[PDB]
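These numbers come from the heavy atoms of this one structure, side chains and all, not from hydrogens, waters or symmetry mates. Each ligand, and each atom within it, is numbered from 1 in the order the structure gives. In what follows, chains are A, B, ... by sequence order, proteins preceding strands, each numbered from 1.
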Amino acid sequence: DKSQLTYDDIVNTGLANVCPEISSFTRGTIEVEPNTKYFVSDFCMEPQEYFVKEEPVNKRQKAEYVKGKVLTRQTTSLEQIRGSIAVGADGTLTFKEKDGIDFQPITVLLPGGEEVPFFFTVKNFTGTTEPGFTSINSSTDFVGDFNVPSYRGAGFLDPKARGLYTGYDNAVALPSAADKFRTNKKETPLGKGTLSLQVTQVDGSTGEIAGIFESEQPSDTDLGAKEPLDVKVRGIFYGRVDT
Amino acid sequence: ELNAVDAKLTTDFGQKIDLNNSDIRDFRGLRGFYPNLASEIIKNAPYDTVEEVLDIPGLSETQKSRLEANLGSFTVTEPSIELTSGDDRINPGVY
Amino acid sequence: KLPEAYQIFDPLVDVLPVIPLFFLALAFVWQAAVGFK
Amino acid sequence: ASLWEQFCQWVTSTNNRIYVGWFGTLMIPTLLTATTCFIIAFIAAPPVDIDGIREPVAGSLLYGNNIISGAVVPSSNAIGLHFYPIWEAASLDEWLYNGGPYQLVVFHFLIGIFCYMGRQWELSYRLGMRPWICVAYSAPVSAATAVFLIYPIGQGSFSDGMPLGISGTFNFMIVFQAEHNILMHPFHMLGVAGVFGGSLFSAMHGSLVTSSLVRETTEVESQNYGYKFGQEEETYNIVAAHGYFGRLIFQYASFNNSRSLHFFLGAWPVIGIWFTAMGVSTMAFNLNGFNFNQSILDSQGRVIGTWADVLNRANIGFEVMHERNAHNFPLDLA
Amino acid sequence: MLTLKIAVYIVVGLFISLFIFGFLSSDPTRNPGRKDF
Amino acid sequence: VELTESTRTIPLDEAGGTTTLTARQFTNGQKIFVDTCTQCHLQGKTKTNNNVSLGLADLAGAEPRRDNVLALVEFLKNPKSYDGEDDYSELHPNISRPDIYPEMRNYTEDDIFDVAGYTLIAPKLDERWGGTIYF
Amino acid sequence: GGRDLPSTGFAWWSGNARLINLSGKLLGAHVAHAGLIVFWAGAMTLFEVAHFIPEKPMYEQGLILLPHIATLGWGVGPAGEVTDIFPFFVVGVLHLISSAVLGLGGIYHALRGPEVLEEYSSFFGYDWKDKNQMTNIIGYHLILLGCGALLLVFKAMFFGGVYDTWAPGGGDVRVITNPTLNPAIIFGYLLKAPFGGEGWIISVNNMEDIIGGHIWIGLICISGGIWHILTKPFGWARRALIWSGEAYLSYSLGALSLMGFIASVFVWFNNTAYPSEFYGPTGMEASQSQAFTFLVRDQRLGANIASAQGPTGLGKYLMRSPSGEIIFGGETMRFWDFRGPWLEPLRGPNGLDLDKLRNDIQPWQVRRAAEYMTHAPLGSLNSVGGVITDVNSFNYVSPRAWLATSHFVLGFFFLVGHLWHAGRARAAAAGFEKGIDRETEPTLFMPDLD
Amino acid sequence: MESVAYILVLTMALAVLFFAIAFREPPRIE
Amino acid sequence: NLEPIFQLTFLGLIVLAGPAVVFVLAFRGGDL
Ligand code: CLA
Ligand code: CLA
Ligand code: CLA
Ligand code: CLA
Ligand code: CLA
Ligand SMILES: CCCCCCCCCCCCCCCC(=O)OC[C@H](COP(=O)(O)OC[C@@H](O)CO)OC(=O)CCCCCCCCCCCCCCC
Ligand SMILES: CC1=C(/C=C/C(C)=C/C=C/C(C)=C/C=C/C=C(C)/C=C/C=C(C)/C=C/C2=C(C)CCCC2(C)C)C(C)(C)CCC1
Ligand SMILES: CC1=C(/C=C/C(C)=C/C=C/C(C)=C/C=C/C=C(C)/C=C/C=C(C)/C=C/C2=C(C)CCCC2(C)C)C(C)(C)CCC1
Ligand SMILES: CCCCCCCCCCCCO[C@@H]1O[C@H](CO)[C@@H](O[C@H]2O[C@H](CO)[C@@H](O)[C@H](O)[C@H]2O)[C@H](O)[C@H]1O
Ligand SMILES: CCCCCCCCCCCCO[C@@H]1O[C@H](CO)[C@@H](O[C@H]2O[C@H](CO)[C@@H](O)[C@H](O)[C@H]2O)[C@H](O)[C@H]1O
Ligand code: OEX
Ligand SMILES: [Ca+2]
Ligand SMILES: [Ca+2]
Ligand SMILES: [Cl-]
Ligand SMILES: [Cl-]
Ligand SMILES: [Fe+2]
């Protein structure tokens, strides 16, 4: 556990990219009233496995996910995230991300040498459970949707200095053929991702929660140059529920 | 084909201040706006019409008089994420 | 600034640090006085 | 008679076709390592995220470069000055993405060239020579260390090292002018005087010797056959050469001493390259060249431009365009 | 990676040792002139 | 031309009253500007916040407007935000706080007048005064 | 002694080589030169005092000597504010007057004293080939060097303290009471890597470690001094080294070159022994200061500084180091190992803490960050501050820049001098420093290579 | 396929370096 | 201003001092 460690103890060791762990194997639960909001203090999200849905030449073959290796280093975790868990009348628990370090750019490498960058994020994730919950326990599955902003912002310049709100709108190196490229027109559409947070560990003494996540989201389109690939991310998560 | 911010420049965004898309630096032209009232406008965005910039909670009376005085300098277009994602309304990389 | 009773010698202090440079020059002068033998 | 003494006699042997020596025991492994990794990376390395902004620059031939545009791209700005060997990467593909081959090649190359300098001393010692050829070779070594080690240390990132390629070298030079005004730096001015004058003095010396060769051949065969390797006599008339050059300018501008002349030939470009290596090594700590922007004002206070102001406009153009997605803040402080 | 690190550490330590013990092995005496010292 | 009277003639307040600095006052204000202000306000920009520069449009757009000498002297005694709402006496060098700004602690009232006067005269000698950081 | 080429074989441009075997004139040369060093110390200090504006920061004012005295704890208070101008003046005057004494003594020994000291006294007279006397002189001078390091320790512990930039309540002159005597820390500084995040001995970040190192250095130098007085060089040392005056000179030249490089890097990176209140910010310090300044400015405008992506997809203000630490974004990602007293209060165990960045930033941290980002060590040779594309109105080059450039260049030229004197010492001891003998040319007896 | 030509010219230069060193005309005193 | 007059006078005195020592030693035939 990295709870009593200082910065000098953790620096350059890779322990700053890992989420806190509920040491107590306590299989407790956190009681919840039927119309109250409980704050989430330091929500952390550690991706461990990365898959990209391959695109075959065939149309009706099964798509299937292939594992990728991360080329970026221990810069692939979300942390210090504030959020809210509200309990509706019918005991439906709703997780709602507010802010924090809620995104990381991650580049993974596929077999074949294709590098897939993607904007791993939990931005504005709203996730509901099944109705009828009186607590947070090992059966709490927050399933919902989050926003995926474009990997490159609208201020990004391509290697020929073309972008969205800055840069050329044409291929200036080829003056008689400047406007014949569709890559001159950049766009940054807002994508959507699906996230399931399954709680597996509840420490009711301090309100700590831990579990696993499975997430699906589009990859980088490079300002709409190419179609996005589907990325599946599985990992573990921790948070602190404020009772 | 134009990108989306060029097509926004064809609209009334390209003529006056848009409460849903204009960066904070564009509010410096109105006296008494930068930095506080512009930050409150940007934080409480989006708006369906110009008139509901007066219905921001926590507006002082002097702020309300200033907003009433400069109502004609404002437009409202649809919020475009190309100008709002990543807090480009606060810092669009322009100094 | 110098302490006040020394402030009459502020110009002399202002030319004090470059005196070692003259020393490097001075040896050449002395060699010129002896014929660079 | 011992095995170690036999190995010491072989290592220090003047009979070896290539002299090894104790400095060679370090130079040979390091230079071979850096050469092998450089050739493989120049042909086949994947793109490197040099600026740390997930914008990988393709440097190798197989990824669309030619010989001019190809480079071994410097390590990531995210790495900075951190030591990044192969074993600190989680995979070889991560090490390739982050510019590890640059650190491997540069570090081995720099050890290799310092040991090359020591080996030059060592062979001069074993041959009964005077030892200062290595002092002359210290000037290209100082320049290589300035661009591959000292400037990254001062700027806080190997990403700021000169790339191992032709167009990457040009990129390094141009960005360096944008950020330091090296043209207006008096030590580069000495470097330029060093190389221009060294080429001038190379041509004058070669021309004066070739002009004054003793007739020993016919005009059918090449004049170079008038020299025998190991001959005791001099092959040109130094007095004729001196009598020519002291009438070309005047008598006391001309060397009558061959040793004095050869010293001057050695010393001038070595001193010039020493000075420009210190210019780059001091611009590492951002002690930049001369700034004369708006130095001249009219009586009212309006700026009267000079050629330095036009040069500054050129420097601005480079600067506001370089690493165009890297900067988030108004000042390029490193 | 750890096997590579150990192998590289061994190789570098062996070459550096050779250099140190080679220059400690009466290297002033290895010259064509005088070798009394 | 010379540094004329009209070049040194600048607005003094918001009521149309003007003032004319002497050459001595202009040079003292320029010296104070070089010694104290230029580390952040070189060429009229603001290296730490270039949304609020020393350009004439930015000085006119302040609340109340700072393109006259009296408003500039009031700013250097009590600096505010651009809308005049937030107290900036612990965030901007000023003569009212010597304990945190010792470099300004020896500047007199006439020194502040001169540096305010130079701040008003310097934009009409330079077309790049108060622009972007790289310009 | 010969004072010309016909009687020495050395030209005028190599005249000081005429002293190699004239120990009295050599001592006078050495002592007059020390005069010069102490003269520059005193006269430069008096110049810096005369040009000092004490309410203005030292680093704005072209001072490299008053920061050294202020770091020892003289004439300064909290935040490095100048209490009194008199200790700096005292240090200057004492060096200047003493330099007069040293100069008179060097002139004596150089011009009037005996040209060789060996016929006068066995204690002071030396032969370069006498290994016992050479190590005796090493030993005397080592005991003195250890005494100097212990004098720094005594100043820090017993006579008023040193300036600690890391002191709670703000940086101040404080008395060191618990110096790090633990040899694991003291020598693990020597074992640390000379790379980013480790920094070898440049990374010493507290005055307790500095003062404890000087207790150990004083002890080590005093013990090595007695060793070398009482002992003689062993057989491996006798068979490994060249024993001549030029050889010992070249050994000192390589040593000086190494310490010059170390000093340039020390002043460029370290803010503990070179506090930023006196020397200005380091380059890493100023880059992190700019990132922090615009984090604070945009947070005041209401930007979510943690959820803000930049144009590349990385965080505009905050991002992850390669080992995961929460660090500032943009190009200063390179400088995420930087530590400073204005910044460390906002750091948590994982790096920069969101809660401290939201509701713990003090106005003095903003003031210090603005001052440090605008006093970045970037400047022209004619002392025009800022980036080189800026116009002429800011007269500033950082003392860190001047000190680092100077010592790097000095260190390089002293390596060149090491190569020159080592190579020449080897050739002169081997007997061919004056050229190849034509009769016994060694290549003419070697076999052909191919 | 331009990479093949680049590899060929670089290989030709390196092979010329090998043959120019290992099989040089040996210098002889006559 | 009179400050630069004194600076130049002190500098000129210091500049003449060294060549004065050399000149008296050469004029009187001292141990040059
Ligand atoms: C740090 C600088 C330094 C020092 C200390 C020395 C010291 C010395 N040199 Mg070297 N030298 C130097 C630089 C230096 N040199 C340089 C740069 C050159 C190249 C030009 C030379 C070239 C050179 C040659 C060619 C020779 C020496 C010799 C000598 C020795 C005898 C000098 C002599 O006979 O002078 C006699 C000169 C005079 C009497 C003239 C006056 C000199 C005095 C010192 C003037 C001092 C002025 C000072 C302001 C007074 C202060 C007094 C008091 C208030 C302190 C002496 C030990 C000689 C030697 O080897 O002896 C065997 C010799 O032949 N030197
Ligand atoms: C470690 C040495 C060192 C360092 C870092 C500084 C640094 C500084 N000094 Mg100081 N100074 C020094 C030595 C040093 N000085 C010496 C020895 C003297 C006596 C001559 C002085 C006299 C002095 C005065 C009188 C003043 C300064 C001032 C300054 C500041 C501005 C410097 C400037 O504009 O330079 C301009 C840059 C140059 C002139 C470049 C010189 C380049 C040299 C000659 C290159 C040499 C290269 C190499 C060694 C030559 C070898 C050749 C051969 C090997 C082939 C700065 C803080 C000024 C200041 O602000 O003080 C308040 C000031 O007024 N200094
Ligand atoms: C490293 C410096 C050094 C060294 C090794 C020597 C060595 C020598 N000197 Mg010289 N001398 C020096 C500096 C030095 N001197 C200086 C700076 C001056 C000017 C004040 C003189 C003036 C001088 C004169 C006028 C004479 C000598 C003589 C002698 C010889 C006899 C010494 C003696 O009687 O000692 C025994 C004396 C003592 C043990 C008592 C003195 C103890 C010292 C002075 C007290 C503490 C030292 C110091 C204050 C500590 C701080 C120093 C600081 C730099 C750290 C001897 C070869 C004599 C000579 O030429 O003989 C033929 C002679 O006539 N010296
Ligand atoms: C500056 C002062 C100084 C000087 C000039 C000397 C000089 C000498 N010492 Mg002494 N020594 C000193 C201080 C000094 N010592 C101190 C302070 C101590 C106490 C700790 C000692 C303890 C000591 C002992 C115990 C011995 C000597 C010996 C010797 C002689 C041979 C040294 C040798 O060949 O080293 C060359 C070094 C090696 C052969 C070791 C190789 C290891 C590699 C090359 C180290 C590389 C490190 C790298 C370059 C830099 C990294 C910096 C750091 C991280 C390590 C020589 C006369 C020897 C002798 O003859 O005794 C009389 C001996 O046995 N010394
Ligand atoms: C403390 C260090 C030290 C010491 C004691 C010596 C001592 C000696 N050296 Mg070495 N040397 C050193 C460092 C040192 N050197 C360094 C660092 C280098 C590399 C640059 C050299 C390179 C060197 C060479 C190449 C030679 C010597 C030689 C000599 C001998 C005669 C020197 C002489 O008379 O100079 C006379 C002094 C001069 C002619 C004046 C030098 C002029 C320089 C370039 C001025 C530099 C400018 C300076 C920074 C200030 C700028 C002023 C500007 C404003 C005008 C003497 C034994 C000679 C030798 O081998 O004898 C056996 C020789 O040929 N030295
Ligand atoms: C006779 C053929 C002339 C060829 C000239 C080519 C243009 C060179 C222009 C530069 C002028 C500088 C010469 C100064 C030097 C000078 O003064 O030259 C003079 C020299 C003959 O001089 P000497 O009779 O004194 O001979 C000197 C001998 O002693 C050699 O040491 O001529 C040559 O060496 C050969 C001509 C240059 C040949 C260079 C190689 C060109 C071939 C390259 C073609 C490859 C392309 C591939 C595609 C097919
Ligand atoms: C040998 C020789 C040489 C060298 C020499 C030398 C190196 C020297 C030196 C010397 C020295 C090293 C010196 C000195 C001096 C000092 C003095 C003389 C001082 C003083 C003092 C005073 C008088 C002061 C005063 C003051 C005060 C008290 C305070 C206030 C300010 C004032 C400044 C006023 C040469 C090169 C030439 C060459 C030849 C031989
Ligand atoms: C004060 C201080 C400290 C401490 C430090 C210490 C403790 C140290 C040390 C030191 C040391 C402990 C050192 C050293 C060194 C060594 C060297 C530098 C060496 C060498 C080498 C050589 C020179 C050799 C050579 C050779 C060879 C290679 C072989 C053959 C022979 C010969 C001889 C040639 C600290 C950081 C904590 C903190 C700050 C302050
Ligand atoms: C002894 C070694 C000396 C160097 C010789 C090595 C180079 C000789 C050519 C053989 C290289 C074959 O190796 C193979 O090359 C291709 C072409 O770049 C690479 O392929 C790479 O580029 C292509 C297009 O540029 C991409 O479609 C592919 O996804 C990417 O990975 C393979 O990842 C690599 O495995
Ligand atoms: C012949 C001369 C001398 C040569 C002989 C030396 C042999 C090799 C010595 C060190 C090599 C192995 O040394 C060992 O390396 C691993 C790196 O994987 C370090 O391990 C470190 O990083 C790894 C990551 O890979 C972590 O899992 C581990 O918790 C951490 O301590 C060990 O802390 C170190 O003890
Ligand atoms: O990486 Mn390479 O070029 Ca040295 O300056 Mn800041 O960094 Mn980036 O910018 Mn400009
Ligand atoms: Ca003065
Ligand atoms: Ca200031
Ligand atoms: Cl670029
Ligand atoms: Cl940046
Ligand atoms: Fe020649």
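Proximity annotation for atom 5 (C) of ligand 3: of G:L102, G:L27, G:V101, G:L27 comes nearest, heavy atoms only. Nearest to atom 9 (N) of ligand 3 by heavy atom, out of G:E119, G:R112, G:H109, is G:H109. The residue among G:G28, G:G105, G:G148 with a heavy atom at the shortest distance from atom 19 (C) of ligand 3 is G:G105.
Among all non-hydrogen protein atoms, the one lying nearest atom 7 (O) of ligand 11 is D:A334 O, 2.9 Å. The protein atom (non-hydrogen) at minimum distance from atom 5 (O) of ligand 11 is D:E179 OE2, 2.6 Å. Nearest protein neighbour of atom 30 (C) of ligand 3, counting heavy atoms only, is G:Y120 CE2, 3.8 Å. Here the protein heavy atom with the shortest distance to atom 4 (Ca) of ligand 11 is D:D160 OD2, 2.7 Å. Annotation: atom 13 (C) of ligand 3 to nearest protein heavy atom, G:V31 CG2, 4.3 Å. Distance from atom 3 (O) of ligand 11 to its nearest protein heavy atom, with residue and atom name: D:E323 OE2, 2.7 Å. Nearest to atom 24 (C) of ligand 3 among the protein's heavy atoms is G:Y108 CE2, 3.6 Å. Counting only heavy atoms of the protein, atom 33 (C) of ligand 3 lies nearest to G:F124 CE1, 4.2 Å.
Shown here, atom 42 (C) of ligand 3 is out of close reach of the protein: none of its heavy atoms lies under 4.0 Å off. Protein heavy atoms are absent from the 4.0 Å sphere centred on atom 54 (C) of ligand 3. Less than 4.0 angstrom separates atom 57 (C) of ligand 3 from at least one non-hydrogen atom of the protein. There is no protein heavy atom closer than 4.0 angstrom to atom 38 (C) of ligand 3. Protein heavy atoms all stay at least 4.0 Å away from atom 51 (C) of ligand 3. Within 4.0 Å of atom 45 (C) of ligand 3, not a single protein heavy atom is present. Proximity of atom 48 (C) of ligand 3 to the protein is not indicated, since no non-hydrogen protein atom lies closer than 4.0 angstrom. For atom 27 (C) of ligand 3, the nearest protein heavy atom is under 4.0 Å away.
Judged purely by distance below 3.5 Å, without hydrogens or angles, the side chains of G:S287 and G:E331 never pair a donor atom with an acceptor atom. Counted by atom type alone, D:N286 and D:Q155 present one or more donor-acceptor pairs between their side chains at under 3.5 Å. Side-chain atoms of D:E319 and G:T389 form no donor-acceptor pair, as typed in the model, at a separation below 3.5 Å. In this structure, a donor-acceptor pair under 3.5 Å is present between the side chains of F:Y107 and F:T36. Under the 3.5 Å distance criterion, with hydrogens and angles disregarded, no donor-acceptor pair is assigned to the side chains of F:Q43 and G:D390. A side-chain donor from one of F:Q39 and G:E371 sits under 3.5 Å from a side-chain acceptor of the other.
Salt bridge G:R368/G:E285: absent, no basic N to carboxylate O contact under 4.0 Å. Comment: F:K31 does not engage F:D114 in a salt bridge, judged by the lack of any side-chain N to carboxylate O separation of less than 4.0 angstrom.
In this structure, the ring of D:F148 has its center no less than 6.0 angstrom from the ring center of D:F158.
Looking at D:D332, its N, O or S atom nearest to atom 6 (Mn) of ligand 11 turns out to be OD1. Distances from atom 6 (Mn) of ligand 11 to the N/O/S atoms of G:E331 are shortest for OE1.
Residue G:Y140 qualifies as enclosed at atom OH: its count of foreign heavy atoms under 6.0 Å is above 12. The 12-atom threshold is exceeded at CZ of G:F154, counting heavy atoms of other residues, nucleotides or ligands nearer than 6.0 Å.
Between G:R334 and ligand 11, a contact under 3.5 Å exists for at least one N or O pair.
When side chains are defined from C-beta on, G:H51 does not count as touching C:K1, because their heavy atoms never get closer than 4.5 Å.
Interface of D:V175 with ligand 11, defined as ligand atoms under 4.0 Å from a residue heavy atom, comprises 3 (O). Ligand-side atoms of ligand 11 in range of D:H322: 3 (O), 9 (O), 10 (Mn), range being under 4.0 angstrom from any heavy atom. Of all atoms in ligand 3, listed by their number and element, those nearer than 4.0 Å to a heavy atom of G:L117 are 57 (C).
When all heavy atoms of G:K155 and G:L72 are compared, the pair lying nearest together is NZ-O, 3.1 Å.
Of the listed residues (D:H185, D:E179, D:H180), just one forms a side-chain hydrogen bond (donor to acceptor under 3.5 Å, both in side chains) with D:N288, and that residue is D:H180.
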Open item on the list: Assess the residue pair G:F292 and G:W342 against the criterion (ring pair (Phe, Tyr, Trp, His ring centres under 6.0 Å)); give the C-alpha distance rounded to whole Å, side-chain angles, the decisive distance to 0.1 Å, and a yes or no.
Closed with: CA-CA 11 Å; G:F292 178 62; G:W342 59 271; 5.7 Å; yes

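Residue contacts with ligand 3: G:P114 is included, with a non-hydrogen atom under 4.0 Å away.
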